[PDB]
Each structure stands twice: as C-alpha cells, then as structure tokens.
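Only one chain is shown below, in structure tokens, and it's the form deposited in one PDB entry.
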C-alpha cells in the first residue's frame, strides 16, 4: 500500500501476464533485463517498438549521427525561420515514391511528432477540401434559387407542388436555406477498414476499431464507418446508406421543382497497406480496387497510413507501392526517428494541397532540427548501396515467413494462419475459449491469451513477442533486418515448445 504515481494498474497487469520485466539496455535485436543476482539476461526483441526499429535498437550509425548533431549545436527550435532540411526530406520521399510507383506525382510535406498527429494533419486537410466542395455547391444552389425565384415571380414559370413533400415562393426558399444550414453544420464521416488502427487521440481514436479503446470517446469527434475488408460487396451499400442531400429549385423552363442534390458527407477514406489491428493482413487487390472506386466516386482523398508499413518494412519503402494502393495522402512515422527521436510526416499531393495549411497548421516540436538531421540519416541508410537494404528486408522476411509457415504446418491445431509481408508478420492463434485447461480458457475469455503465451516465450526462451488484434489473438514478428539465422532457429524452437505446451493444455506451465 505504498504511494504510486504512475503505471500501478499497467504494471500489475503486465506482472500477471508474465511480462513484468524492466529492460535496462538494448542493442541491435537484443534487450537486456537483470536477473535476481543482477546479471544481464539477453532477450531477442520481435516487437521492436511495434516496427519502429528496422535498423534495431541504438544503431551505432544513428547514435554517432545524433551525437555529432548535438555537438554541432544543431538548431532544434527555429520556429518561423527557414528550415531547408524539411524540403530536402520531402524531395527524397518524393523521388522514392516516383521510383516505386512509376508515377510522376509531387507531394507537399507537413511534419509532426507522432503517427496520430500525421493522420490528424490528413483529417484536417481532408476537411479543408470538403469545405471547398461545400462552398462551390452552396454558391451554385444560391444561383439556382435566384434563377427559379426570377422565373416564379416574373411569371415565366409555375412551381410544381408534388415536390413540396421535400419541405409559397419566399417560404419554400427560407425552408431550403434552413435544411441546407443544418446539413452544412453536421459532422463529416471517415471511412476505414474493420480492424483499422490510425492512432488514439480525440480525432484519430474514432478511426481505430478496437472497441474498449474507442467506444468510451464516441461523443467527442466525427465517427468512422468500418468497412468489412472481407465482404467487400457490402461496402457499396454501407456507403450508399450514408448519402445525404441538400435541397435546391430546378427550373425546366416553365416548371420549377424542389429536388435533392448530393452533399459531401465523407471527409476521407483511410487504409493501412498491412492492417496492424487485423493481425498484419495485407490489403488484397480486390479491396484496393474498391477503395479506388470509393475515392473516384465520393471525390474525397484516400489517405494511406504507412506509420507502421513504411521505411522498408514490407520490402519496399512504401507498402502502398508494393500492393498497388494509389493514395492521395500518405503518412509516415515509426522508423523515421531512427529508434531514438520522434518525427512524422503527411505527404499531400500538390494538385490537391491547399496552401492555407502551411500557415494555419503548426506545432512547437514539429520540424525540429534534431529529428530532421536523423530523418536524413535514416533515409541515407535505407537507400544505400543501390537498394540492397530493401533486398535484405525481402530475404530476411522470406526466411522468417518460411520458419513461421513450417511451425503452422506442424501446429495447425493451435495456429490458423501466417499473415503480413516483408518483416511485418504474425501468427493467428485458434480460439482457446473452450480449452480443457481452466487457466488457459479463463485468460482466452478475457482476451489475454496472446499476452500469456508472450509471457511463456519470455521466461522459458528469453524471446520478447507482443500480441496484436482485438482479443490478443495474433503474435507479432517485426524484428530488425539484422535478425540472424541463429535467432530465427531459436524462435522456431521457442514456438514449437509453446505450441506443444498449448496442444497439451498445460495451464500450470503457461499461466501464473
């Protein structure tokens, strides 16, 4: 009952899962904790800041570059002054996307401090586009109302009264202006996929499906409709139910009718090339083509969230380029801080980019000189030696995927699938809510199965894995590109061991 100032419930829960350890040092693919005698125990990290560490913990090149930047007196805080490095970083990302998509498209960069902040820059810029469309629409409706009023008062035309159910000249116009104003003030909608993860701030949390994380906060901010990635013939009808009308007067020279016109409700569509909250499921070509159709049909941007899939994780710089997702806006974060600093970027296509965004959006820490310098170092490293780092991610990915398939094949009773691509992989666990072992069943019923199994891997095999998915029903594997053959072999041994214990329903060995 001693005073506690942070993390009491978090630490309590981690301890009961078998994950209550303090990591005191990290290098490459290894984190170290202290045993009861104070000796360092090496642990293989498969979590790696949820994919932040493409080059591992504390990479010597990144550490050396950061120390040189600090010793040179880099200007970290230079707000409202010329910062050329931002333009230099945007140019590199622009060149990389042209190379990988073969499209000669140009993107403006706005920097931020987290993946959530970068996704919220996109939500905001998407809402600027929607307000432009609304102004244009309402300007036309005024002109259509003036013309109709002209025709009805002068006498040239008669008002059809079969149309009045949708709401007498001046009264009908005021009634249309009221209807349209109510509509204009309504919150927009965002479209996402089922299992989507786009961050946990007031705006972005509405775009994250995981129900315990989101549903408490529903009232704060614009909702998302979660489109079923699996059943995509249902997406058409879900979006069609979200159609909303404004009213105007249509003159067909001699007759005037009240009619509905489309109102732009949807601000943006968001998509992850590889779906973190769905267990690392890659977007299929069929789902990509449906997202393209919705973007072309609604005229709102398609925002590609590469916060996790970017900076080479999938075996290309851009996961979207590898899977043929043709986005309007793109976001990057995790790996761009080199595993030491915090940085993110929204890339917005220049033919849609509203220059007001460059001066009405800002942040104290955004575009700081230190994360800028380190971003340029990370881009230099991932681009080095004629694209060999992408080739190495692809080869390491194949090796790790092959091992995971070989484990699934012999353990199909407890593993349902292997998902993801490059070095962003996961095993799907079969439901254990009917397990013979009461301890396993109880944990699976509370959605803690994945964490319990992660605990086993830590204490028995010195391997750090974290679960994914809304019931911790997936085990994530997202190590650095320096993961060795020996470390993949040790992971295979650890998994065969874990899935043999789970098969044998050994609750005493798995659950504390």
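In this text, rigid core is short for the largest set of C-alphas that superpose within 1.5 Å between two forms. Residue numbers count along the first chain shown, from 1.
The records show that residue 167 is omitted from the coordinate set of at least a third of the other eligible entries of this protein. Going from residue 167 to residue 168, you skip over 4 to 9 residues of the deposited sequence that the entry leaves unmodelled. Higher average CA B factor: 467-475, of the stretches 47-55 and 467-475. Of the two segments examined, 284-292 and 145-153, it is 145-153 that shows the higher average Cα temperature factor in the deposited entry. You'll see in the entry that, of 422, 232, 299, 115, the Cα B factor peaks at 232. The PDB entry assigns the greatest CA B-factor among 175, 305, 368, 71 to 175. Among the modelled residues of the chain, residue 461 sits in the middle third by CA temperature factor in this PDB entry.
Among the modelled residues of its chain, residue 380 has a C-alpha B-factor that falls in the middle third according to the deposited record. The entry lists a Cα temperature factor for residue 24 that places it in the lowest third of the chain's modelled residues. Ranked within its chain, residue 444 lands in the highest third, by CA B factor from the PDB record. Ranked within its chain, residue 192 lands in the middle third, by CA B factor from the PDB record.
There is also a form deposited in another entry; it is not shown, and the following applies to it.
Superposed on the rigid core, the two forms differ between this form and the one not shown by 2 Å or more at the C-alpha of one listed residue only; from 77, 253, 103, 237 that residue is 253.
For residue 310, a C-alpha deviation of 2 angstroms or more is recorded between this form and the one not shown after rigid-core alignment. Between the C-alpha atoms of residue 48 and residue 310, a gap narrowed by no less than 3 Å is obtained in that other deposited form, as opposed to the form on display.
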